[PDB]
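As written, the chain order gives the labels A, B, C and D, with residue 1 at the start of each chain.
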Amino acid sequence: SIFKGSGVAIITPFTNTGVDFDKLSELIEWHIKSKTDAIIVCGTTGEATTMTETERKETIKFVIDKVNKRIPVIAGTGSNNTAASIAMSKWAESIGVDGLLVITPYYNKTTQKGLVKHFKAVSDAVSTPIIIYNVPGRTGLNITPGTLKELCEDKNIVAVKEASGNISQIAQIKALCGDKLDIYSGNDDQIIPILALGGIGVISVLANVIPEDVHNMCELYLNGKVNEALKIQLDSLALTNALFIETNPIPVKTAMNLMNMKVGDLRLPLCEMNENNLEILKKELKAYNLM
Amino acid sequence: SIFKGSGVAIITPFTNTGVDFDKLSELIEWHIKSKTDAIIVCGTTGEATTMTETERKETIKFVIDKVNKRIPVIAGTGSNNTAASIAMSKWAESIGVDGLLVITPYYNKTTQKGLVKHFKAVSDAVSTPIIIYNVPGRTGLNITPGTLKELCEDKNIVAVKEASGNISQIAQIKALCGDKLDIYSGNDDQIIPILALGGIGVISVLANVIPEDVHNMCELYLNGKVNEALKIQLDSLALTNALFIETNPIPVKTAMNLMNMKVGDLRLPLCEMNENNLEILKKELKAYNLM
Amino acid sequence: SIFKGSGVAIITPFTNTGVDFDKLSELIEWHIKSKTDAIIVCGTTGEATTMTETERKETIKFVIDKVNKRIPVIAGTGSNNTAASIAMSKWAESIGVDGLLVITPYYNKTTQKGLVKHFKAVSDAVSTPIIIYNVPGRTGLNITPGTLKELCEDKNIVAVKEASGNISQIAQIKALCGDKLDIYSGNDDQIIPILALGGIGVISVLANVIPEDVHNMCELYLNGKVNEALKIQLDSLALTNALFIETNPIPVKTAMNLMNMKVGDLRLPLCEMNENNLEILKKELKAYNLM
Amino acid sequence: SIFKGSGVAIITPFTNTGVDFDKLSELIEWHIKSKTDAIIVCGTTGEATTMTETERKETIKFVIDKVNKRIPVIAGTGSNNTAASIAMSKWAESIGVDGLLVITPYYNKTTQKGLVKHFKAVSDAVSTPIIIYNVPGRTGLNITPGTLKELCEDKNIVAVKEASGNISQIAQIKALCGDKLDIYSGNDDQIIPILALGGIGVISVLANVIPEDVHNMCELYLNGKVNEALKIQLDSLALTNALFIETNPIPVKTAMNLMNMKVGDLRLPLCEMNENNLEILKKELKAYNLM
């Protein structure tokens, strides 16, 4: 597998004119010290959408180079344009990424037949492991377990980041694909049930603020200490849910700033939280002893 | 708790004109022998909707009396009319039931405020444990975790049969209620993730055909043999899903008849499966060595 | 057709021990004077669920007898038990009802195949026109346009009360069934678009409080005065939406009492509105010059 | 208004390596001759996602220049990145577009607060009419009627292309915004009900194959010939639905090629239809006398 445990979907800290590389370096070092198992750079939580192609490439390369092989680095390389996804994926491979996080098409969408073609086209272009990212609440498109079954024997297609929230579906993926498709939770409030179904970790928002707890939750469960893992899930659940009270990464970035991490502002169309939601987030941060 | 492990939502076998008590007796003995942990009588799977009040009472009393305290018996006593729910619940208590399975209102529905009033009205009338039954895909109404939190301190409200299929919701219920509200899965394809979140069993359709396997799945997980448990979940998943290819209990009664159990016909508005779906069911019964 | 225009889904006014027949008579007379085109008695808005069989029969008969053929009377006779729906439908026919409003099964549900059997079984039992009532948000079950196509050549099946809210679906019903299935809106906020697709009226909640406006909206549109009709729809929309801010008939009954109509209290599991929602309803009542 | 009636969301015909400007020219002339009221270039149906920035610009400019003010031209200029949306919108304005079709963010999404900031940022940069495009089934994000009410007083925000398929929502937009926000249907199977609620036209897929019929449908309704209009809606409904049997523009390009229009192939991740769906499409094209 690319990694097991907690993979942080790291934020991209911005200055008001670009990427705050000094801050990103600090976060990298902190994650390594905090037992984060992998870094996913330029995922959704990283605001790739609102970065230029040059910012994306510089940020991905920065993370790769700073991590310096200490943990795996996975880059978000997919888009809703297949040619573009191929080119970005080739690029990331060429500069030493350990894995590619490749979203389904979104907005334009496609059929299940088209999903097979899309993923096969990206895979055929590379020799690096691919994590399919299924997030229908954002993309409008659900890749089915049957379609995943058609893709999981592909040499490079090793895993899925399953953010559907549909636990039935995740059971079906495991039943059909087995070890041919590792499952990462794509929802922090669903780590335990997904690990219970044979998942191997999480690609996490929550790990941006409590990386060691997320790592520990996974490690405990995977080591059979299931009750101890569950306690972390439940004790962190209200905070976790507060991190989705508005579109991620609005809350997590807000939270990190509340925690004195100085990670800068969001890029439009993302923006500051409303008053009520900010107060819920503060409450849960305080209750978890984070501020 | 009322029980732990596998509670079969037992079918009601019908003759042409009434309930087949002889067949019900056989099923009851078979469950006991097969290590079923509890029987839920006149639940949805029991076709209580299409039974007269006298048929319901006779069936519930028959199960209670036949079981003779060997394992817990829980009766479906709720409906969408609060007065009727009270009366039926008091009746079941009076003839020695161990627990009451009390659905939310359905079709008429109500507000979350109304749900608290409904369940408190029922509870205040009895001194028997109540399992709230949440199944929004059937009722049109979801009882929320916040509403459950308002009810879980009630003396009699001890559990929920959670059939929403929303694993995030189930985590939230556990986080809010803890030990004050036991969770039973109401979906057989979700046993493992629900137990992983601290559920204590299942009220099961699947147990009508493979009672020992469902009991073992739960026992193994609850005893820490989580991988062993998961294997049973995944190996039985395609059959499980087949049992919902049409409205339950259409497939399970069909399956039991294919297994030569002679459990009679469904009552309208339930009816025979279509050709393609029957085929799928047959395929999965054969693949699981049941016919 | 049974009727065109506005059919009120009349409330059932209750005393604290039964049905307020004196009040129901007053409402009947008021509807006749207010140009209501039909009365639907013991529909969902009439709280049939929480009435006894004897109350239902007495109420249905009362309305039939008091109306005395001045406008059509349609009774809610369907349930989720086919035998029960047959018996009630036969009964209503025997005492001179003009039409039967027959809901899909709910909660127990069934397949599309089973829906055909259910409706055919009820139809075969009677010689009175039937309005199929599709309300999936309450029943958990949507009867499809294809299934309606299979039923619309049945002698007695004349119409559908379409409360899905799915305008695409309603277009498909008209395209497939034509004049063989009249369409009544089952949502007051959708009268205009449904009439525009060839619907012939509404079975209305709103008509309980503004019967002449609902009648006029329909009559205008059906007479080609489409802009004048639309103005009534839009001017009443905020009030209409307030009447669904909680489960109907909680708001409409509350509204009628706010309007000094003395229609009594709701039966559990229905209950009084919460404070915020009550204030929204009051606001819209006042803005429409009703209180 | 920018236009009334039928605005074709024109396909972009591709050669193997670029845009087929010769074919686009032919389509443009054919639309003008067929009484199409406006052309929307590089909308969803135009496969803007899979076009380079230079291809988009050249195509939009080509349509503008070719049309030469004969009918209004509207360009798709929005994306999920606010800065990019601003830039593209200013560009289109600079080369003489008549209107801007500006989608909500998608995939990244944002809050309702963010939506107001996004659309105000775009509007503040231009002096050209803006049509907001709401399509939650593709974007994951619904702009609410209340949010639209906050935007509709903006000088440039003059319309919405409403593709939610939620007819209740569309009534609410009209009630709140009135003349300050023109409504175009974004779904061809919903033209009649949307016009009935005071919409002024459609931004249409169907118009790619039957432009004159779509224009006539709108004209007839808007001129009060509502039954005549409805007939066209219902007669074309099965074809309309066939055009969405797979992700648009898969079916419409397929259809245009079946009609011997030689409009080239789809760009990945879009692809060829499956067998069964092709068959359905063929059936409906033949039934409508198109092939």
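Keep in mind that, in the parts below, a contact is a pair of C-beta atoms (placed from the backbone, for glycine too) under 8 Å apart; a residue touches a chain by one contact, two chains touch by 3 or more.
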| item | value |
| --- | --- |
| Equivalent interface to C-D, taken from A-D, B-C or A-B so that over half of the residue contact pairs match | A-B |
| For chain A paired with chain C, centre-to-centre distance based on mean C-alpha positions, whole Å | 49 |
| Separation of mean Cα positions, chain C and chain B [Å, integer] | 33 |
| Chain B: positions in contact with at least two other chains | none |
| Chain contact topology (line, ring, star, complete or other) | ring |
| All pairs of touching chains, each written as two labels joined by a dash | A-B, A-D, B-C, C-D |
| Interfacial residue positions of chain D with respect to chain A in the complex | 44, 47, 49-50, 80-83, 103, 105-111, 113-115, 117-118, 121, 136-140, 246-247, 250, 267-274 |
| For the chain D and chain C complex, residues of the former touching the latter | 165-168, 171-172, 174-175, 187, 189-190, 192-198, 224, 226, 230, 233-234, 237-238, 241 |
